[PDB]
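S.K.: The structure under discussion is supplied below as C-alpha cells; questions concerning it will follow.
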Amino acid sequence: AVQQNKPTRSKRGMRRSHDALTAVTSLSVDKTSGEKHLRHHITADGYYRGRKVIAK
Amino acid sequence: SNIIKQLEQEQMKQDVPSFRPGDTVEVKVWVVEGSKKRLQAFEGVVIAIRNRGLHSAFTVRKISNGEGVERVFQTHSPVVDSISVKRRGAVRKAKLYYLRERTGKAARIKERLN
Amino acid sequence: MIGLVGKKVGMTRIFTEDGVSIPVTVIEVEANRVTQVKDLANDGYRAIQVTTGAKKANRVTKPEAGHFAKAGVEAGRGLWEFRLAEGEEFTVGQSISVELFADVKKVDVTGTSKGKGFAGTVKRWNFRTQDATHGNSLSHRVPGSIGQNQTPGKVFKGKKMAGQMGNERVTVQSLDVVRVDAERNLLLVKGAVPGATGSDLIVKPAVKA
Amino acid sequence: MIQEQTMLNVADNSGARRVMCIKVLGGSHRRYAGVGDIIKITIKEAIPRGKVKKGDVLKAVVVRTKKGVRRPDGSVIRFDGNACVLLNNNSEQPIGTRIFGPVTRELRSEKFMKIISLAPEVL
Amino acid sequence: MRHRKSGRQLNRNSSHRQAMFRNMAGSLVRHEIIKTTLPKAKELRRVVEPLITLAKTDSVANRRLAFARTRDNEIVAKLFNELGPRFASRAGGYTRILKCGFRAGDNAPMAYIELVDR
Amino acid sequence: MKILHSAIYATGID
RNA sequence: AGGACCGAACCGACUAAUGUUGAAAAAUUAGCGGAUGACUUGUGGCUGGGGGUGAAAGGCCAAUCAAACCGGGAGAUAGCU
RNA sequence: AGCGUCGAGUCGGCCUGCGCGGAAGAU
RNA sequence: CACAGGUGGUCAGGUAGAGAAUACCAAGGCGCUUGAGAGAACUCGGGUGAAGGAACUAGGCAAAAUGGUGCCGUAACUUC
RNA sequence: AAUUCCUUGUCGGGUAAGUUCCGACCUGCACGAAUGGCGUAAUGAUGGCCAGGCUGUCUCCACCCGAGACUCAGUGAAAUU
RNA sequence: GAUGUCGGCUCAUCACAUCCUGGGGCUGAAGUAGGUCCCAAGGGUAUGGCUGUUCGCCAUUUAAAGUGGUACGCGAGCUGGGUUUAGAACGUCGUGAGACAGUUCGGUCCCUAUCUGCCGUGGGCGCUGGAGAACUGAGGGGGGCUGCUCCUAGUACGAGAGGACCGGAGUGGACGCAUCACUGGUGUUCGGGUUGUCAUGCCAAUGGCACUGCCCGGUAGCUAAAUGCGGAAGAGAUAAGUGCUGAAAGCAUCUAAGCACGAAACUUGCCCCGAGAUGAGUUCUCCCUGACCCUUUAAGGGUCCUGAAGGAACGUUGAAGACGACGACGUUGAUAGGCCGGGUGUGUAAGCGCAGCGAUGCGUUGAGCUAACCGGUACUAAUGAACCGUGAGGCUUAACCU
Ligand SMILES: [K+]
Ligand SMILES: [K+]
Ligand SMILES: [K+]
Ligand SMILES: [K+]
Ligand SMILES: [K+]
Ligand SMILES: [K+]
Ligand SMILES: [K+]
Ligand SMILES: [K+]
Ligand SMILES: [K+]
Ligand SMILES: [Mg+2]
Ligand SMILES: [Mg+2]
Ligand SMILES: [Mg+2]
Ligand SMILES: [Mg+2]
Ligand SMILES: [Mg+2]
Ligand SMILES: [Mg+2]
Ligand SMILES: [Mg+2]
Ligand SMILES: [Mg+2]
Ligand SMILES: [Mg+2]
Ligand SMILES: [Mg+2]
Ligand SMILES: [Mg+2]
Ligand SMILES: [Mg+2]
Ligand SMILES: [Mg+2]
Ligand SMILES: [Mg+2]
Ligand SMILES: [Mg+2]
Ligand SMILES: [Mg+2]
Ligand SMILES: [Mg+2]
Ligand SMILES: [Mg+2]
Ligand SMILES: [Mg+2]
Ligand SMILES: [Mg+2]
Ligand SMILES: [Mg+2]
Ligand SMILES: [Mg+2]
Ligand SMILES: [Mg+2]
Ligand SMILES: [Mg+2]
Ligand SMILES: [Mg+2]
Ligand SMILES: [Mg+2]
Ligand SMILES: [Mg+2]
Ligand SMILES: [Mg+2]
Ligand SMILES: [Mg+2]
Ligand SMILES: [Mg+2]
Ligand SMILES: [Mg+2]
Ligand SMILES: [Mg+2]
Ligand SMILES: [Mg+2]
Ligand SMILES: [Mg+2]
Ligand SMILES: [Mg+2]
Ligand SMILES: [Mg+2]
Ligand SMILES: [Mg+2]
Ligand SMILES: [Mg+2]
Ligand SMILES: [Mg+2]
Ligand SMILES: [Mg+2]
Ligand SMILES: [Mg+2]
Ligand SMILES: [Mg+2]
Ligand SMILES: [Mg+2]
Ligand SMILES: [Mg+2]
Ligand SMILES: [Mg+2]
Ligand SMILES: [Mg+2]
Ligand SMILES: [Mg+2]
Ligand SMILES: [Mg+2]
Ligand SMILES: [Mg+2]
Ligand SMILES: [Mg+2]
Ligand SMILES: [Mg+2]
Ligand SMILES: [Mg+2]
Ligand SMILES: [Mg+2]
Ligand SMILES: [Mg+2]
Ligand SMILES: [Mg+2]
Ligand SMILES: [Mg+2]
Ligand SMILES: [Mg+2]
Ligand SMILES: [Mg+2]
Ligand SMILES: [Mg+2]
Ligand SMILES: [Mg+2]
Ligand SMILES: [Mg+2]
Ligand SMILES: [Mg+2]
Ligand SMILES: [Mg+2]
Ligand SMILES: [Mg+2]
Ligand SMILES: [Mg+2]
C-alpha cells in the first residue's frame, strides 16, 4: 500500500515532534578523584565511589 | 506459604504406610452405595506416585475381568480407609507406564527381597 | 452492605467427612481500619474509607501521613471505599475484622486478573484458526475479514481485534464461604478468584443471592 | 469422551463386536459422551449368529472409557478401552442378557439397574 | 508470557549458551576480572559462584563434577586450591559487577565482573 | 494463471 | 545377457512450503524419476530468417520467436487518442 | 330509546370542506 | 553486486559401514563484513501432545507412518 | 463409455446416509472395426473409487526450541504523489 | 489510460415479511397435541454421505436447524475445486484451418499501510498557586439461550386411551468470565538409560557432535480436556389483549373525563470503562508568609537570596510489559543474584570392598545431582549527591465577621 497524496512538511514535523533526544539530567562527582561520571558507573580514570576499582 | 502449609498439615493422615512403585498394594475405599456404607478392596501394582504433601496421589493398575483399570487414589482423602502393601517389587523407575502395553509373562515384576 | 479488603494467599483443598474435596482459595483478611466516613451533607453520599496492611515510613508521603494522622490510625498499603447501606454507621478509627462474614453464605470477590499482555484474536476472543494446510498461505491465526465491500465502507466500533488482555478489574459472584477463621484472619471460599498470589482482593456480601 | 466416528467395543452378548458412534444424543452441538450417556451407533462387526446384524442403527450407553470418570474427592478411574452396551432403539433397554467386564457407579440409575445387576464388578 | 521464569536466551540456542558460559567462567576464574556486556555478567554470576561453592569442599567427586562443568583441569585445580580456601569463610557474594559505560562498535552496555577478594 | 507483460496476473472479467 | 532391479556421483524436474521492490529477471528446503544406455559430458566444427532445427510443444535459434537481431526505405500510414 | 308506561324531538338517505384506518426493510 | 545460482579434469586418511551413502574425526581450511538487548501479537523452520482417528478437504494436500540382514512363508492372474 | 443432452436413466454391491465408483440393462441425442474394434500379463512422479496402519487434516487447539517482528547504536531504499 | 468473478474458510453487521423461546384473540379449542391471526428482534438458531457446487436428496440430531439486505458482505483477509489462456483426447459440425450454452485429463492468485476506519498503549497542554490520594456519576460498552426429570398429580379434563394450567426443586447442552487446588499436556534451563564417533595420556569417569542424536520421566510457569461462577429475582412505563365506572346517543359502550392490569421487547436492577463531562465536578491531606531596582507603570520586567511538598532521573527488579506505562525496593534495605535449610523430580552417584573367568551383581546408599518452588540470610549490587518543581496565588459583585 502506498500514499495517494504527498504528505506535507507540517505533518512531517508533527510526526517528528516525538523524536527529540533527552540530555543527561546530572552527572555524579566522585569523592576521591572528583571527576564527573554517570551515576552507578565507574569514572574514566577507574574510580568508583572513592575506590580505584580498576587500573586505568 | 506458612498459612497454606498449616492448613494442609492439619488435614494430613499420620498412618500412611511407606510404599514404592512396583509394589502390589490393596486399598480399601468407602462405597457408600445407597443407604448402606461398605468397604471395597482394590488390589494392584503401583505405577505412579505423586508426592505433593496433602495433594499426594498414587495410581494403581489392576487387570479385572479381562480389562485393565487404572485408579488414582488421593493419599489423604477420607474415602480411602486403608492401604496395605501385599508385595514389594523391584523396579528402576519412578513411573511404570511401560506396563500398559504388556500382559502375562511380560508384565511380571521381580520381587525386592532386600 | 460493606465488604473487606484482603490478600490472596493461594489455593488448597478441604476434605469433608463424606469424602468430598472442595477447592478453596485462602484470603488473608486482617483488620481494616476506618480512615474517613462520608455523609450526605459534606460529601453527598454515605460511604466509609478503609485501609489495611502496613507501609514504610520513608515511603509514606507527607499528605498521606497527614491524612492517616487525622484519621488516627496507622498507615496502610492503600485506601478503599465501601458504600453504606441504610441503617449502617461506622466511626473513624474503627477496626473491622473478618468476623463480618460469620453469617455470610455467599460472597463476591473482585480482583485484578493476571495480565496476558498483547494477545491475538484467537486467544482473546476465541476466534477459530484457519486451515493449517490445503494451500493456506501465511494466514493461520489472522483474524480474517473485518468488514464489507461497501455500506458502510468502514469498520464498526467494538470490532473484536488483538490487543491488551488481562490486567483488569474482574468480579466473580456467588462464591460459597467455606470457612471464616477469625483467629488466623482467614477467609476460605470455594472456587477461584481473579489475580495472582499476593494481589489485593475485595470481598463483599453477594448481591444476586 | 466419545464423539462421532469413534469406535467402541460391546460389553454384552448382543452379537456385535465393534460399533461406531454416529451421533452424540442429548442436545444441540453436543460434542462428547462419557460413561452413562446414550449414543447413536452403527454395527461394523458382528458374530455369525447373534441378535443384531452388521449395518444396524441402534442406541447404546457407554460403560467404559479411556478418559475415565472423576469422583468427588478428585479420584479418576481410567480403563484401557471404550466399551458400550447396545440398547433397543425405542425402549432403550439392553438387548443382551450378559455384561462383560467391570462398570462404574455412574450407571447406578433407575434406567440402568439391569446393567448394574448383570455386571460382574461395579468399581 | 514469561511469568516466574529465569534465564536469558541472549539470542542463542542452549548449546551455544552453555559453551559460551563455560568459556566465560574459565576466563573469569583465570583472570579474576573480565569485561563483558552487562546481561552476560549477570548471567555469569549464576554459573561461576556455584562453581566456587562446589570447590569449597575438596573431594574426588567434587573435582570430577567441576571438570564435567568446566572442561579445564587448570581451572578445576585453581578453584579447588586457591578460590576455595579464599572464599571458604565468605558465603554467597563471590563476584562484583562494575558498569563501565558502552562499547564503541555497538551501543552495548559494558561492565567489569571480578572477584570480591581481588 | 497466465502472467501478462509487466508481471501482472491475468485476472480480467470475461 | 538384459533400452534388467535397488541405490551414490551425474543427468532431470512430479508435490508441497518459502520467496515473488526475492539470496535468484525461474531459486532454496523437504520429499521425487533415470542412473550400461534411445545415457551423460569436455573441446572443435556444420545447418541462417519465410530460413535452419524440431522422438512435434508453434517448441528452440544469445533473458527477444505464428517469422531473430542490426542498419536503411522512414518523418511508412494512422478518417484514432 | 328504556322497562301500556314514557314526556321533546327522532330516523335514515343526498351533495359537500377538512380529517382516520388500509401503511412492513435492511449503517 | 564482495549475488544462497552455473562451471571440465586430477588426489582420495581413520573408526563404524556393502559403499565415493551416512555420523564423528585427521591433514588442511573456515565461523559465511552490522552488532547489543528484550523474550508481545503475527510470520517462517522445527519438537511434543490427553480422548477420538480423515469426522478436514475438491482431493489423506501436508504431516504422521514403514524402512537392514538372515530364515520361514507368500494369492488371483500370466506373454511362464 | 475420455463418447449419453434428457440423467443424480433403471436394478444390484459397497456406506447410517454414495450426482463419484464397481457389475449389469440397451432407450447408441451423437460407438464401431488400421484418422483401427475388442481383450490383455508386466510397466506408469497417469485419472477415478475403496480398505488396514498412521497421525494436530480436524473436533480444538496448548506448550516449548530457534529466525524475524519489538527497543538501542551505525548505514540507509521503493512503489506512489 | 482495469470496479477480480461461483463456491468453500475466517469475521461479521442490519431489517422483520418471527424458526424456537415470550404475551394474547378466534377455533370445526374436552385434555395432550394442533390451525389461523395480532404483538414482540433480547438471546439462540446441527453434524455427516453424494456432488466444485449455492441448491437439492438422503442418515441421524435439536427448542429451533428463519427469511432477506450488506458490490448475489467479505481474495491490498486465505483457498482455487467450477467457470474463462496456451497442451491433449472423445462425440458432433466443417473439405479445412478450427469450433461446440457438450464432456475429459493437466495447468504461476503480487503489494513493507500515507489518510479515513477499528483494536490497544503513550507523550503535550488544559482544567487558573503547587502536590499526593479517595470518590461522585453525564455518558458508553458487556450479558440476556435453553433441554430433561421430579413434586403438585395420574389431579383438572376425558367413555376410555390418554393427560394438564398455575406454582416449586434438581440436573444437563451451548456460550462467556476467572484460576491452577485436583486430573492431564508442554516443559531443547532437572535426573537417568542407550547407539556411533572424537577428545580429556591411559583404565575408570566425563564432555562435544549426530533433530534436544534416540528415548524414559519430570519442577515452576502457561494451558484444557480440568473446576468455580453467570444469565437472574425485583421495580417503573407499556405493545397486542383484558377490564371497572361512564356520557356523547335516557339504552349500549375499555374512553371522550377518570381508574386497574398486561411480554424474553424499553428504562433500571448485574459486570466493566468513565470529569478532555472544555458543562474539565466533589472530599481529605501536605507545602511555600525575603529584600531591592527600573519601567513602555500593569495579570510588567530585572537582580541578590531562597528551592519547600512533590516529581523526575539512576540502579535492583515484577505472577506488569512490544517500547512507553503500571507495581515493589534502594543500606533506617529482603528488590535481584548468590548462600543455608526444606520441598520436588530423577532414581541406589563417584571412589572403595566383596562374589564371578566375564559381562555383571551386591554393600556403603533411597545414594548423588537437582531450573523457575517455599522459609531465611546483607555475602554481592542497589552511593553521598545533583536536577526539575518556588517564595501565599487575578478582577467584579453579593453574603457574613470586623
Ligand atoms: K536418485
Ligand atoms: K522472416
Ligand atoms: K456418443
Ligand atoms: K490390435
Ligand atoms: K506417468
Ligand atoms: K430477536
Ligand atoms: K480493495
Ligand atoms: K505442569
Ligand atoms: K556406588
Ligand atoms: Mg519519529
Ligand atoms: Mg502478565
Ligand atoms: Mg476450525
Ligand atoms: Mg505463494
Ligand atoms: Mg504456512
Ligand atoms: Mg477486498
Ligand atoms: Mg524470578
Ligand atoms: Mg538480534
Ligand atoms: Mg546438539
Ligand atoms: Mg535399467
Ligand atoms: Mg512442471
Ligand atoms: Mg531437491
Ligand atoms: Mg525403475
Ligand atoms: Mg535406480
Ligand atoms: Mg496448438
Ligand atoms: Mg530464449
Ligand atoms: Mg511477416
Ligand atoms: Mg517512402
Ligand atoms: Mg511516425
Ligand atoms: Mg387516508
Ligand atoms: Mg559478503
Ligand atoms: Mg557466490
Ligand atoms: Mg559439475
Ligand atoms: Mg558425505
Ligand atoms: Mg520466539
Ligand atoms: Mg510454526
Ligand atoms: Mg512431529
Ligand atoms: Mg493426540
Ligand atoms: Mg494418545
Ligand atoms: Mg486406528
Ligand atoms: Mg469427508
Ligand atoms: Mg465437510
Ligand atoms: Mg503426500
Ligand atoms: Mg515424514
Ligand atoms: Mg444405485
Ligand atoms: Mg471413433
Ligand atoms: Mg488405438
Ligand atoms: Mg534503527
Ligand atoms: Mg486511472
Ligand atoms: Mg410484526
Ligand atoms: Mg431487558
Ligand atoms: Mg448438506
Ligand atoms: Mg469415504
Ligand atoms: Mg459477492
Ligand atoms: Mg448474505
Ligand atoms: Mg471467494
Ligand atoms: Mg482448476
Ligand atoms: Mg488446445
Ligand atoms: Mg494474497
Ligand atoms: Mg483518507
Ligand atoms: Mg450488549
Ligand atoms: Mg493443573
Ligand atoms: Mg502448583
Ligand atoms: Mg539437564
Ligand atoms: Mg573408557
Ligand atoms: Mg566437536
Ligand atoms: Mg563435525
Ligand atoms: Mg521427557
Ligand atoms: Mg506430567
Ligand atoms: Mg352508562
Ligand atoms: Mg360499561
Ligand atoms: Mg430493540
Ligand atoms: Mg535473597
Ligand atoms: Mg551417572
Ligand atoms: Mg533423592
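S.K.: Select from the range C:114-157 the residues that are of a type in the set (A, V, I, L, M, F, W, C), near RNA strand I (Cβ under 6 Å from one of its atoms) and more than 14 Å from chain E (Cβ to nearest Cβ) and write down the one among them that is farthest from C:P194 (Cα to Cα).
M.R.: Top of the filtered list is C:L138.
S.K.: Being surrounded by 12 or more Cβ atoms within 10 Å (Cβ to Cβ) and either within 14 Å of chain C (Cβ to nearest Cβ) or free of Cβ contacts under 8 Å to residues at least 24 places away in the same chain (or both) is the filter here, so list the residues in the range B:17-43 that pass it.
M.R.: Within the range B:17-43, B:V27, B:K28, B:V29, B:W30, B:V31, B:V32, B:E33, B:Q40 meet the criteria.
S.K.: I'd like the full set of residues that are among the aromatic types (F, W, Y) and either within 14 Å of chain B (Cβ to nearest Cβ) or within 30 Å of B:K37 (Cβ to Cβ) (or both), limited to the range C:3-58.
M.R.: Once the filter is applied, which keeps residues that are among the aromatic types (F, W, Y) and either within 14 Å of chain B (Cβ to nearest Cβ) or within 30 Å of B:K37 (Cβ to Cβ) (or both), the range C:3-58 yields only C:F15.
S.K.: Of everything in the range B:51-70 that's under 14 Å from B:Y97 (Cα atoms) and either over 10 Å from the mean Cα position of the chain (by Cα) or within 8 Å of another protein chain (Cβ to nearest Cβ) (or both), which residue is surrounded by the most Cβ atoms within 10 Å (Cβ to Cβ)?
M.R.: The extreme case among them is B:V69.
S.K.: A further question follows. Select the helices (runs of 4 or more DSSP H) contained entirely in the range E:21-118, then report the ones holding at least 1 residues which are in contact (Cβ under 8 Å) with a residue 40 or more places away in the chain and within 22 Å of E:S6 (Cβ to Cβ). Outline the logic, then answer.
M.R.: Numbers: elements: E:38-55, E:60-70, E:73-78.
Where helices (runs of 4 or more DSSP H) fall fully within the range E:21-118 and carry at least 1 residues being in contact (Cβ under 8 Å) with a residue 40 or more places away in the chain and within 22 Å of E:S6 (Cβ to Cβ), they are E:38-55, E:60-70.
S.K.: Go through C:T151, C:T133, C:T129, C:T171 for me and flag whichever is within 31 Å of the chain's Cα centre (by Cα) and away from ligand 11 (no atom under 16 Å from the Cβ).
M.R.: C:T171
S.K.: So, C:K190, is that one away from RNA strand I (no atom under 11 Å from the Cβ), of a type in the set (K, R), over 30 Å from C:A71 (Cβ atoms) and touching a residue at least 60 places away in the same chain (Cβ under 8 Å) or not?
M.R.: Working: away from RNA strand I (no atom under 11 Å from the Cβ): yes; of a type in the set (K, R): yes; over 30 Å from C:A71 (Cβ atoms): yes; touching a residue at least 60 places away in the same chain (Cβ under 8 Å): yes.
It is true that C:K190 is away from RNA strand I (no atom under 11 Å from the Cβ), of a type in the set (K, R), over 30 Å from C:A71 (Cβ atoms) and touching a residue at least 60 places away in the same chain (Cβ under 8 Å).
S.K.: Quick one: which residue in C:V155, C:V122, C:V142 is within 16 Å of RNA strand G (Cβ to nearest atom), farther than 30 Å from C:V26 by Cβ and of a type in the set (A, V, I, L, M, F, W, C)?
M.R.: Going through C:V155, C:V122, C:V142 in turn, the sole match is C:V142.
S.K.: If you don't mind, another one. Kindly list the number of the only condition in (1) in a strand (DSSP E or B); (2) near RNA strand K (Cβ under 6 Å from one of its atoms) that fails for C:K160.
M.R.: Among (1) in a strand (DSSP E or B); (2) near RNA strand K (Cβ under 6 Å from one of its atoms), the lone unmet condition for C:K160 is (1).
S.K.: If we scan the range C:156-168, do we find a residue that is closer than 14 Å to C:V203 by Cβ and more than 16 Å from RNA strand J (Cβ to nearest atom)?
M.R.: no
S.K.: Pairs please, first residue from the range A:14-36 and away from chain E (no Cβ under 14 Å), second anywhere and more than 16 Å from ligand 10 (Cβ to nearest atom) and in a loop (DSSP other than H, G, I, E, B), Cβ atoms under 7 Å, 6+ apart in sequence or on different chains.
M.R.: Here the result reads A:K31/A:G50; A:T32/A:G50; A:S33/A:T43; A:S33/A:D45, each pair linking the range A:14-36 to a residue that is more than 16 Å from ligand 10 (Cβ to nearest atom) and in a loop (DSSP other than H, G, I, E, B).
Table: residues versus (1) small (G, A, S); (2) out of contact with any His (no Cβ under 6 Å at 6 or more places or on another chain); (3) surrounded by 16 or more Cβ atoms within 10 Å (Cβ to Cβ).
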{"site": "C:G3", "(1), (2), (3)": "yes, yes, yes"}
{"site": "C:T35", "(1), (2), (3)": "no, yes, yes"}
{"site": "C:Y45", "(1), (2), (3)": "no, yes, no"}
{"site": "C:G66", "(1), (2), (3)": "yes, yes, no"}
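S.K.: Out of the residues in the range B:75-106 that are small (G, A, S) and touching a strand residue (DSSP E or B) at 6+ places or on another chain (Cβ under 9 Å), state the one that is nearest to the other protein chains (Cβ to nearest Cβ).
M.R.: Looking at the filtered set, the residue picked out is B:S77.
S.K.: Next question. Does the range E:67-96 hold any residues that are closer than 21 Å to E:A41 by Cβ and surrounded by 14 or more Cβ atoms within 10 Å (Cβ to Cβ), and which are they?
M.R.: Those that are closer than 21 Å to E:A41 by Cβ and surrounded by 14 or more Cβ atoms within 10 Å (Cβ to Cβ): E:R69, E:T70, E:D72, E:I75, E:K78, E:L79, E:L83, E:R86, E:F87, E:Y94, E:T95, E:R96.
Residue-by-condition table, conditions (1) hydroxyl-bearing (S, T, Y); (2) in contact with a helix residue (DSSP H, G or I) (Cβ under 7 Å, 6 or more places away or on another chain):
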position: D:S28; (1), (2): yes, no
position: D:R49; (1), (2): no, no
position: D:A60; (1), (2): no, no
position: D:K66; (1), (2): no, no
position: D:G74; (1), (2): no, no
position: D:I99; (1), (2): no, yes
position: D:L118; (1), (2): no, no
position: D:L123; (1), (2): no, no
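S.K.: Moving on. Scan the range C:107-135 for residues that are surrounded by 11 or more Cβ atoms within 10 Å (Cβ to Cβ) and either within 18 Å of C:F82 (Cα to Cα) or free of Cβ contacts under 8 Å to residues at least 12 places away in the same chain (or both) and report the count.
M.R.: Of the residues in the range C:107-135, 6 are surrounded by 11 or more Cβ atoms within 10 Å (Cβ to Cβ) and either within 18 Å of C:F82 (Cα to Cα) or free of Cβ contacts under 8 Å to residues at least 12 places away in the same chain (or both).
S.K.: Something else: Every residue in the range B:13-71 that is under 27 Å from D:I116 (Cβ atoms) and touching a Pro at 6+ places or on another chain (Cβ under 7 Å), please.
M.R.: B:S64, B:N65, B:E67, B:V69
S.K.: Next up: Are any residues in the range C:13-24 over 13 Å from D:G74 (Cα atoms) and under 22 Å from the mean Cα position of the chain (by Cα), and if so, which ones?
M.R.: Matches in the range C:13-24: C:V24 only.
S.K.: Tell me, which residue of the range E:46-63 that is buried (at least 16 other Cβ atoms within 10 Å of the Cβ) and not charged (D, E, K, R) is nearest to E:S27 (Cα to Cα)?
M.R.: Filtering first and then ranking leaves E:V48.
S.K.: Output the residue which, of all residues in the range E:7-20 that are in contact with a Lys or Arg (Cβ under 8 Å, 6 or more places away or on another chain) and assigned to a loop (DSSP other than H, G, I, E, B), is surrounded by the fewest Cβ atoms within 10 Å (Cβ to Cβ).
M.R.: E:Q9
S.K.: Answer yes or no as to whether C:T121 is over 22 Å from C:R184 (Cα atoms) and in contact with a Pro (Cβ under 7 Å, 6 or more places away or on another chain). Working first, answer last.
M.R.: Details: over 22 Å from C:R184 (Cα atoms): yes; in contact with a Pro (Cβ under 7 Å, 6 or more places away or on another chain): yes.
Yes.
S.K.: Okay, next question. In the range C:87-113, how many are over 22 Å from C:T171 (Cα atoms) and either within 16 Å of RNA strand J (Cβ to nearest atom) or within 14 Å of chain E (Cβ to nearest Cβ) (or both)?
M.R.: Count: 0.
S.K.: Give me a count of the residues in the range B:1-41 that are in contact with a strand residue (DSSP E or B) (Cβ under 7 Å, 6 or more places away or on another chain) and among the acidic types (D, E).
M.R.: Residues meeting the conditions: 3.
S.K.: Residues being more than 13 Å from the chain's Cα centre (by Cα) and away from chain B (no Cβ under 14 Å): count how many of those fall in the range D:64-123.
M.R.: Number of matching residues: 6.
Heads up, the Cβs are rebuilt from the backbone with ideal geometry, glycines too, and the neighbour counts pull from every protein chain shown. Every number in this text was worked out from the coordinates using simple rules, so none of it is lab data.
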